[PDB]
Structures are given as structure tokens and as C-alpha cells.
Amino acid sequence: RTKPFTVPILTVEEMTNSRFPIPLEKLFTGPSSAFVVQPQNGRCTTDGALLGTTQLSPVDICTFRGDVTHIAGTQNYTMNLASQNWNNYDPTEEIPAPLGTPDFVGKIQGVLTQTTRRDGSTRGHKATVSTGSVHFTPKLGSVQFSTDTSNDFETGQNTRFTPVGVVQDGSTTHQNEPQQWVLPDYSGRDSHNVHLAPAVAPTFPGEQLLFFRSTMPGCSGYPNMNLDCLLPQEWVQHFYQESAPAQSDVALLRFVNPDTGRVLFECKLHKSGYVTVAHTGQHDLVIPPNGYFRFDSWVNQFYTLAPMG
């Protein structure tokens, strides 16, 4: 027989969000027809193929690196993206955007660090990247940071953005941003995003997506810090390493409590790489902190899940 499939033995708290570099916290399910579940990070098939902008480093997510140039008489800088390894980014390559690029619309605040090469002198500054901005054009090779300085950064020198969290306008309706289910225009206004990972949805009666949820840090304002990924990053890493051929439509998983030794709920991990659970309504799952997922068997699509309590 073929290579056995498995998922990591890791508690939810032991794993990482695949869409922002922070730990998972809780499992969340709810209905999803009023939005588009089409995230591009944390997207991998159960047999290890990365889709969208998904990539293996759990820290290089929503980071940017390249050289900056100042925009005259503003406190903003244009960055020319270079690849993860400081190599040139190629925009003709059949991906939506540099791997790791943010896949939601909001203003991400972090720090831009720079090292001057001739002498090893370094500088760092609060900087914010706004992914809705018309200047957010990562697939063209360039994005824009609004910072708190007009003089410090130098041209031609390696600069790095390190994400911290998200902001929203105080006056504007609380929680009105970021919008975790709207993809940016990776090439800017009036262009189609390309090579995207598919949108996903439940396709069985009584079934809803299962989200692995973190809370992004807020830096300023009343932002909506909710962040759902469809696979923990370690799952991506796992499937990529393991490459077990999917035997059937869906991989049945049991979420077990090690303390009582019983199954708490079951769920389907679809081969294209997302999880559905049997439940109607918005629900914050209650799990033991030391519960874990374990693969059970390959079943076909029409397998009926026991309702999740």
C-alpha cells in the first residue's frame, strides 16, 4: 500500500496561524455564504502542493524586503520588492504575488529596519503598509509604506518590514477593518488578480467550514483582530514534507481529548486542503487545551459527520 497520510500531533495552541506570524488560539465555525473564503496563504493540498501565495516559513509571512526610495515631501517610502533570499522578484512567474504577501485588506503596522552596507550602521522606524491602497501593487514589484520619518532611510540599501499587528480609524465604525475576507488588488486598481488558490465552501447539507483562528495584535484604534486560516501553518509544512497521496475525497479526522480519551468531534479534511465540520451557526468551539487531531481514514464526500456538540 501507498504512503499513510497523517496530520501533526499538535494542539491548537502549539501551532501557528498561516496568514500572519502569530500562534493559533481557538477553533471557530460559522456560515460562510455572505463572504468569499479565498485566502492565499496557508493553502496546500493534503498531498503537499502549495497553492496561492503559500510558502513554508512561518515567520516570513506578511513581511517585505527590498530597497526603498523616499516620496518627495511626504513621510512615505516606495519599496521595490526583492525575493525572500534578496534575489530579484520575478513578476512574470505564475503566482498571484510574492509568496507570503498579505492576503487580506487592512493596514498592517510594523517596523522597517535598514542596514547601511558600507559601515554596518542600522536604523529602524515604525511603518505602516495599507493593502487597500492604490500603491499596494506587490505583483508589480512595489508597495508603499507610510512612516514617521522624512530623512532617515537611504537609497540602495537592504530594508526589511516586520509585521506587528493592525490598525483602524477611531472615528470609523469600530471593527470596520481589516477585512480578512477581501483580497487586495495585487496589481493595483483595474487589474485582475491571477493564479489564485480556489475559493472554498461547504458542499454538504448541515456542514460549515472549520476555521483555525488567531487574534492579530491591535496597534491603534478599534480594529477587527479576528483572523481565520484554513490550515495551521504546521499542517502545510507537514503535508509538504510528507506528500502522502490522497486515497479518497476526504480525510476523516477525529479531535480527541487525551484526558478522557474520548473523541470530541469529527471533521473532514478535504483533499484540496480545508476543513468542514457538521454544525449550523456561529460557534467558538470549547476544547481541552491538550486536545489534538488524528487522521482516521479516507472516506468519500458523502460521509455523514456526527453533529459537533
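From 1 onward, residues are counted along the sequence shown.
Residue 153 is built in all of the other entries compared, counting only those with both neighbours built, so it is not a gap in a third.
Across the other PDB entries of this protein whose models span the neighbouring residues, residue 171 goes unmodelled in a third or more.
Once the C-alpha B-factors are averaged per stretch, 49 to 57 and 257 to 265 rank with 257 to 265 first. The PDB entry reports B-factors from which the mean C-alpha value can be compared for 179 to 187 and 148 to 156; the larger average falls on 148 to 156. Set against one another, the Cα B-factors of 165, 91, 205, 198 in the record reach their highest point at 91.
Of the candidates 74, 226, 101, 115, the PDB record gives 74 the highest C-alpha temperature factor.
In the deposited entry, the Cα temperature factor of residue 86 places it in the highest third of its chain's modelled residues. When the modelled residues of the chain are ordered by C-alpha B-factor, residue 219 sits in the highest third. Among all modelled residues in this chain, the alpha-carbon of residue 273 has a temperature factor (C-alpha) in the lowest third. Per the deposited record, the Cα B-factor of residue 232 falls in the lowest third when ranked against the other modelled residues of its chain. Per the PDB record, residue ranking by Cα B-factor puts residue 97 in the lowest third of the chain.
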